[PDB]
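[1] From the sequence below, what's the structure:
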Amino acid sequence: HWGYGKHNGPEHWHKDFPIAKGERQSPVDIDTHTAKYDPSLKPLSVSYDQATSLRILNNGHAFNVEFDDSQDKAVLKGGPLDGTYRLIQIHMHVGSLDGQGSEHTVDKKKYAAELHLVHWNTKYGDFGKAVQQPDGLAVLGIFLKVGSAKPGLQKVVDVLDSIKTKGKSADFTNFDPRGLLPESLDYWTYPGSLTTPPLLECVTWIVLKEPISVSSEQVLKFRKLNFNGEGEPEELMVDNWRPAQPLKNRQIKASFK
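    Numbering: from 1, shown residues only. Below is the structure:
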C-alpha cells in the first residue's frame with residue numbers, strides 16, 4: 001500500500017501509480033507574484049443547503065467525511081466550472097506543528113492544515129467514472145491557520161476519539177459543510193490531480209485565498225489520530241501531506257485582484 005513514511009511516502013508513489021510524475025500533478029506552490037488575475041472568472045456557487053453527510057472514517061492516511069451524492073443536494077457550480085459537481089468527500093491534511101500541514105503552499109508558506117472538499121462532475125454519472133476524466137472533479141482546498149475556534153471543525157473534533165485508528169468510522173449525519181468555509185470565496189484555480197493515490201489528473205482545483213481559523217486546542221486534537229490500526233504501535237497521523245509538485249507549463253489564475 002502507501003502512506004507518508006520514509007518507506008511508503010510521496011517519493012515511492014510513482015512505482016504503483018506512474019502518473020505521480022505526470023504533467024498535471026497536485027498539490028503545487030501558488031506563487032502570488034506570477035499567478036494571473038482573470039477578470040472573467042465567475043464567482044464560486046456553493047449550494048450546501050440539503051447536504052447529507054453519512055460517516056466519518058480514519059482511512060489510515062487521513063480521516064474523511066463521506067456524503068450522499070445520489071442527487072444534487074450539495075453541489076459546487078460557477079467559478080471556472082461548467083455544469084454541476086456533487087460533494088462526496090471531505091479530507092483533512094495536517095502537520096505535526098503549526099508551520100506545516102497543507103499540501104498547496106502560497107509563496108512557499110505551508111498552512112497548519114488543508115481541507116479538500118472533493119466534488120465530481122454530474123455529466124460523468126459517478127465518482128469512479130469522473131476520476132477518469134480530465135474535468136471530472138472540482139476540489140475545494142481550504143487552508144487552516146491557528147486563530148479562533150471554528151464551530152464547523154468542532155463538530156469533527158468531538159468525534160475524533162471514535163476514529164482514533166485506521167479502519168474505525170462513525171455515523172456523521174447532520175454535518176453541515178458550510179461551517180468549513182471562510183468568509184471570502186475568492187480563490188485560485190489551475191488543472192491538477194488527486195493528491196493521494198491514484199493521483200489521477202482529473203481535478204479543476206479551486207484553492208480558497210482565505211484560510212479558515214482553528215484554535216490551538218482544535219489542531220492539537222487533530223494531530224491525535226493514528227495512521228496505525230488498533231493494537232499496532234502508535235504512529236500519529238501527522239504530516240500526511242504530499243509536497244508541491246512541478247507546475248510544468250500550467251497557469252494558476254486568481255479570481256481576485
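[2] Could you double-check that residue 254 sits in contact with residue 39?
    No. The pair formed by residue 254 and residue 39 falls short of the contact definition of CB atoms under 8 Å, at 10.2 Å. In short, each C-beta sits where N, CA and C put it, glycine included.
[3] how about residue 154, phi and psi?
    The main-chain torsion angles of residue 154 are listed as degrees, to the nearest 10 and equal phi -50, psi -30.
[4] I'd like to know how far the residue located most distally from the centre of the chain sits from residue 8.
    For the chain, the residue at maximal distance from the C-alpha centroid (CA atoms, centre = their mean) is residue 231, at 28.6 Å. When distance is defined by CB to CB, to the nearest Å, residue 231 is 20 Å away from residue 8.
[5] Over to residue 185?
    36 Å.
[6] neighbour-wise, which of the two wins?
    Each of residue 185 and residue 8 has its neighbours counted (other CB atoms under 10 Å); residue 185 has more, 19 against 14.
[7] Just list the residues touching the spatially closest residue to residue 58 that is not a sequence neighbour, thanks.
    Taking CB to CB, 6 or more residues apart in numbering as the measure, residue 58 lies nearest to residue 163, with 4.1 Å between them; neighbours along the chain are not counted. When contacts are counted by CB atoms under 8 Å, 6 or more residues apart in numbering, residue 163 is found next to 56, 57, 58, 63, 169, 170, 225.
[8] who does the third one bridge with?
    When bridges are taken as DSSP bridges, the partners of residue 58 come out as residue 63.
[9] Tally up the residues packed near it, please.
    Applying the criterion other CB under 10 Å, we find 24 residues in the vicinity of residue 58.
[10] now do residue 194
    A count of nearby residues for residue 194, using other CB under 10 Å, gives 22.
[11] And residue 165, how close does it get to residue 92?
    Noted for residue 165: a distance of 16 Å to residue 92, by CB to CB.
[12] Of these two, which one has the most company?
    Set side by side, residue 165 and residue 92 show unequal neighbour counts under other CB under 10 Å, the larger going to residue 92 at 23 against 18.
[13] Quick check: which element contains that one?
    Secondary structure assigned from DSSP states H and E places residue 92 in strand 85-94.
[14] Quick one: distance of the next helix or strand after that strand to the chain centre.
    Of the helices and strands lying after strand 85-94 in sequence (DSSP H and E), the nearest is strand 105-106. The gap between the average C-alpha position of strand 105-106 and the chain average comes to 14 Å, counting by CA atoms, centre = their mean, to the nearest Å.
[15] And for residue 109, the neighbour number?
    For residue 109, the tally of surrounding residues (other CB under 10 Å) stands at 14.
[16] coming back round to it: quick one: list the elements packing against the strand holding residue 92.
    For strand 85-94, the contact count by 3 or more CB pairs under 8 Å, 6 or more residues apart in numbering; DSSP states H and E identifies strand 63-67, strand 75-78, strand 113-121, strand 137-146, helix 216-222 as packing neighbours.
[17] Now render these as a markdown table, adding mean neighbour count and distance to residue 44.
    What follows is the helices and strands packed on strand 85-94, written out as a markdown table (neighbours: other CB atoms under 10 Å; distance: least, CB to CB, whole Å):
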| stretch | mean neighbour count | distance to residue 44 |
| --- | --- | --- |
| strand 63-67 | 22 | 18 |
| strand 75-78 | 21 | 5 |
| strand 113-121 | 27 | 11 |
| strand 137-146 | 24 | 8 |
| helix 216-222 | 17 | 25 |
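[18] Please save the CA atoms from stretch 50-57 in CSV.
    Coordinates of the C-alpha atoms in stretch 50-57 are reproduced here as CSV (Å, rounded to 0.1, in the frame of the first residue of the first chain):
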residue,chain,number,x,y,z
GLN,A,50,-29.6,20.0,1.7
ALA,A,51,-26.2,18.4,2.2
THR,A,52,-26.4,14.8,3.5
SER,A,53,-23.3,13.7,5.4
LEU,A,54,-23.0,9.9,6.1
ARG,A,55,-19.9,8.9,8.1
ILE,A,56,-16.5,9.9,9.2
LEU,A,57,-13.7,7.4,8.6
